[PDB]
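In: Show me how the following folds:
(chains A and B)
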Amino acid sequence: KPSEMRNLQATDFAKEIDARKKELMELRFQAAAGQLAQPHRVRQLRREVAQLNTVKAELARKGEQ
RNA sequence: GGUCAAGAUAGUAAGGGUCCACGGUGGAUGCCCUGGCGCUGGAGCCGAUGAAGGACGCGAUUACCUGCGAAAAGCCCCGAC
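Out: Residues are numbered from 1 along each chain as shown, chains lettered A, B, ... in the order given. Let me share the structure:
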């Protein structure tokens, strides 16, 4: 997040996936994850690079034409 | 009252039947927004920038279906609200 890459092409976000999506799969597990905690902070930030790879093949298509 | 007597013929009927009360899994009529028939008026497929429709596909479950399968209930934009 956010919609900040509406103006930034330079492969920095290239490893942005390595951020929270690295051990939130280690919170996506069964038990000791979040039942009464803040359960929602999983696939509520898993569209973290999804629906954001749009205008990424319809904007980032900027190669040379 | 009584000894004797037959004559006269009486109830129960284990079970049942003429009549009522209380009743079944089943169940139609009265009746119910979608589900069927005949129809007016319009519209009347997409097409290797690849279609009908299926198979196996996401939400702390997913199996008959909504969308979509991994960017699977949905994303540019303008817009309704």
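In: Spell out the secondary structure type for the closest residue to RNA strand B within chain A.
Out: Residue nearest to RNA strand B within chain A: residue A:50 (2.7 Å; C-beta to the nearest atom of the strand). To be clear about C-beta, it is placed using only N, CA and C from the backbone, and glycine gets the same treatment. Here residue A:50 is coil, with the state taken from DSSP: H, G, I helix; E, B strand; the rest coil.
In: Could you measure from it over to residue A:17?
Out: Between residue A:50 and residue A:17 the computed distance is 10 Å (C-beta to C-beta, to the nearest Å).
In: Compute the number of surrounding residues for residue A:33.
Out: Neighbours of residue A:33 under the rule other C-beta atoms under 10 Å: 14.
In: And for residue A:55?
Out: Neighbour count for residue A:55, taken as other C-beta under 10 Å: 13.
In: Quick check: nearest residue in space to it, chain neighbours excluded?
Out: Distances taken as C-beta to C-beta, 6 or more residues apart in numbering place residue A:6 nearest to residue A:55, at 8.0 Å, with adjacent residues excluded.
In: Show me which residues of chain A sit near RNA strand B.
Out: Residues of chain A lying close to RNA strand B by C-beta under 7 Å from any atom of the strand are A:30, A:35, A:39, A:42-43, A:47, A:49-51, A:53-55, A:57-58.
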